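For reference, the structure discussed in these notes is given below.
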Amino acid sequence: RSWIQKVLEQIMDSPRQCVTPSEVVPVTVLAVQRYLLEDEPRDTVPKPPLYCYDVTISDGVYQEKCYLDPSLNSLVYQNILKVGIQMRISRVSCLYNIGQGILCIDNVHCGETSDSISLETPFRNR
Amino acid sequence: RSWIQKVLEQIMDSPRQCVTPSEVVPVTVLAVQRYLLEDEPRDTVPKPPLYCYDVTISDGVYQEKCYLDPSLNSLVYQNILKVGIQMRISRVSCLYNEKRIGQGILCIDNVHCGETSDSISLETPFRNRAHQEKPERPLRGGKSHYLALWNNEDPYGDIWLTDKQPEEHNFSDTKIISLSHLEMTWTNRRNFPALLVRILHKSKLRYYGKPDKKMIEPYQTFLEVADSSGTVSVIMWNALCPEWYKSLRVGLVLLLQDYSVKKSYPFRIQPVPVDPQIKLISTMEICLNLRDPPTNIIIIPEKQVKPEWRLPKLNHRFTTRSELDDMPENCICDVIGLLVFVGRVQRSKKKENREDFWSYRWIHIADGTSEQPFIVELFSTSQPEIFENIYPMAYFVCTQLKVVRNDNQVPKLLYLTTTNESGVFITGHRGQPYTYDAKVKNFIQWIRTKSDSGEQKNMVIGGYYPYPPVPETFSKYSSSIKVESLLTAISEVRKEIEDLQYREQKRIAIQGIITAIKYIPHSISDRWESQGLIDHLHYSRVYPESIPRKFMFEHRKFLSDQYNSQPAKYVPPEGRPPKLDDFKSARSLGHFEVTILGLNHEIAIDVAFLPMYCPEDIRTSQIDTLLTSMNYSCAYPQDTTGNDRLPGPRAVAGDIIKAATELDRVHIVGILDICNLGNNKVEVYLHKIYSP
DNA sequence: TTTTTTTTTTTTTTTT
């Protein structure tokens, strides 16, 4: 039923090797919040971004907070990934940075402004 | 003392001058190799051949590796100049290699190739020790190498090493990144860290050595290795291929370092792997050139492998005949089963280069899921040791086979082809290398059960097997021939037969009337006629090699060598061999000598009709007509009973004669396969007599 | 298809 539920159970069942969402449905961004990127190797030649973000998607059933891949920080730098806009994830992982997990977004296709953004959908994870 | 010594002493002091040898003594050919003809002037209107040949003629005393003047390559294209033959050199010349310190080279310039020698000695000493250098190389050139005698996709010579073994490289402080990491960051990484990849597909060799450009080992192989989720088409360059190709098998965990990353070649077609979950990185490709230190390629043993990391396992798409019955046009698949037929080494000219050739051989793989085999089109997969030596009574597995279907004709052409990444192997008695697969287990169980039932399959080797069956609709046959002169001239057959090279195949159509037919029992009237021409062709000769032979394990090397490709070097017979005729013929009915009259009653031709259908076919009406050469099964009789209560093959004979008699003056377009079996022997056989 | 070597990078916190 719920897209986030299906994705979570799928990545739990199949190996969590950047599982591609079996089904892709537009999802509405409800929040984009930033914090410092701690606990990173920071030794690669392409040094990682200093800050990371935690998008808050909503599939109409539940709203789940997802840790955006730092590689996709340009989309938020350019204000292409803002509130309201409905996106379409194309890759997902299951990080454990553990209790339940941290649904990670490895790719996304930012869409157009949504007309049915609901602030009433309860959080799947309390 | 010896002819070699006398001629060399006579012509040593006159380089690049042609002198008839003082004495013409027959000399035995002990080896014939082929390599590129660079360094020749490509300004002559008749551009010199793209390849030259070296022949190791042997006298009674010594054998001195000579050089065949490229103008004589015609004698090798027709395989008239083969190993074990006796020839009488008529013209010689001396050439000195200016990139090597050595003596003169005998330059063969005219020969009169005769017949096989009575006594061939493989122990005659080498006059010039330089010719005996263990890493054998061509006489001309500095760092040249010999290619395979006929095809260019088969490793040949001593440059190809098999010494590579697993090495235990410590992973203490090795910086290993993922393929996706390069995909995202390879245009900014000044240095590319180490990698830990695993081979998924290994491609067939590819020779890109043009004659003018100066290259060393123009050999290039594409390996689809996958580290973690990512997969890229690694491509080895230059002289790296002949140091790692005969050793790297699919499924070896490679550790590549000091590599290069570039853009994917525009005309590259990366093959999809079995697992879809992986990422197919198709933007950048890793190039492995030969670095001065031998650390660029290091293979780590499976024990050193750590499940702690994720490495893509080698999967397969094993399919049975029943599954193939429904598989679509193009769907790459793997096949396994008991070989039940082996064809000949047919050669088809490449459209890219009219001088190069392919080397395919039609094979049949048997299984328990159907009464028909897979009918695979097996090209040379850069595995001569297996390709040449395959025989029916064994377990054979081929991977990455592309389905090919054609419903334009009634007998659906459900057969397979070998793609670039297709590999060949002969599994053990129990199937040890592929035992892990379930389909492999099923096949082994089927073979064990059938053997425990005291049953054997009809095993056939070589012969005349034109798998492609010409349709029943002459209109469709013409449609497949798009403005290519579908009907060859009755007087052109001579020229076409003169154009085929060694084991070349070609299909043409002739227009004429059935002059007559004489039945030739394989061993009811025996002969019949329909009834002064401009000229007539006598091509109704069926060679012993053309008749398929029932396989007997006791004599397997002999049978496999009678339908293989001609060897490059000599190998003395291991005793007195048997005769090909003493082996029973898999054909159940004899051939015919149908003679065709030209439409204008001016040119005639003699052709042989060698049917493959059994009396069971003419009873069950599995064939198209009585003038066809292949049954709808296109499979040699399964010998379910060997001999049935059906009309005997002698009855089918005479019946075919009268069937032809029906086509007394009927205008027909017969499809006549023409092939050059070697030497000057050429076969012209009938396929199907299209009638209105 | 060919095709190798080289490095460059600046900046405002802690006290127990």
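Starting from 1 in every chain, residues are counted up; chains themselves are A, B, ... following the order of the structure tokens, and ligands are numbered from 1 as listed.
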
Contacts of residue 21 (chain B) within 7 Å, only C-alpha atoms (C1' of nucleotides), excl. fewer than 3 positions in-chain, as a PyMOL selection string: chain B and resi 7+24+90-92

Export of the given selection (N, CA, C and O atoms) as an mmCIF file, in the first residue's frame:
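See selection_28.cif below for the written result:
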data_model
loop_
_atom_site.group_PDB
_atom_site.id
_atom_site.type_symbol
_atom_site.label_atom_id
_atom_site.label_comp_id
_atom_site.auth_asym_id
_atom_site.auth_seq_id
_atom_site.Cartn_x
_atom_site.Cartn_y
_atom_site.Cartn_z
ATOM 1 N N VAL B 7 71.599 -24.587 -51.396
ATOM 2 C CA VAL B 7 70.928 -23.392 -51.904
ATOM 3 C C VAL B 7 71.323 -22.169 -51.088
ATOM 4 O O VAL B 7 71.561 -21.086 -51.641
ATOM 5 N N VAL B 24 67.109 -29.203 -57.695
ATOM 6 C CA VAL B 24 65.730 -29.174 -57.221
ATOM 7 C C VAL B 24 65.437 -30.521 -56.574
ATOM 8 O O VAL B 24 65.264 -31.528 -57.267
ATOM 9 N N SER B 90 61.340 -24.045 -56.878
ATOM 10 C CA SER B 90 61.854 -23.692 -58.192
ATOM 11 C C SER B 90 62.603 -22.371 -58.224
ATOM 12 O O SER B 90 63.463 -22.193 -59.091
ATOM 13 N N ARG B 91 62.299 -21.446 -57.317
ATOM 14 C CA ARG B 91 62.963 -20.153 -57.285
ATOM 15 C C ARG B 91 63.159 -19.739 -55.835
ATOM 16 O O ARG B 91 62.251 -19.867 -55.011
ATOM 17 N N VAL B 92 64.357 -19.236 -55.532
ATOM 18 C CA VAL B 92 64.717 -18.826 -54.183
ATOM 19 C C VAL B 92 65.390 -17.462 -54.230
ATOM 20 O O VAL B 92 65.917 -17.035 -55.260
#

Interface list for chain B, partner chain A, 9 Å threshold, only C-alpha atoms, as an MDAnalysis selection string: chainID B and resid 185 188:190 228:229 277:278 310

Residues of chain C within 12 Å of chain B, only C-alpha atoms (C1' of nucleotides) counted, as a count of residues only: 8

Picked from region 25-118 of chain A by DSSP as strand (DSSP E), as a VMD selection string: chain A and resid 27 to 36 51 to 58 63 to 68 86 to 87 89 to 95 102 to 108

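DSSP annotation of region 331-404 of chain B from backbone atoms: alpha helix (DSSP H) residues are residues 384, 385, 386 and 387 of chain B.
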
Gap from CA of residue 60 (chain B) to CA of residue 111 (chain B) - Å, one decimal: 18.5 Å
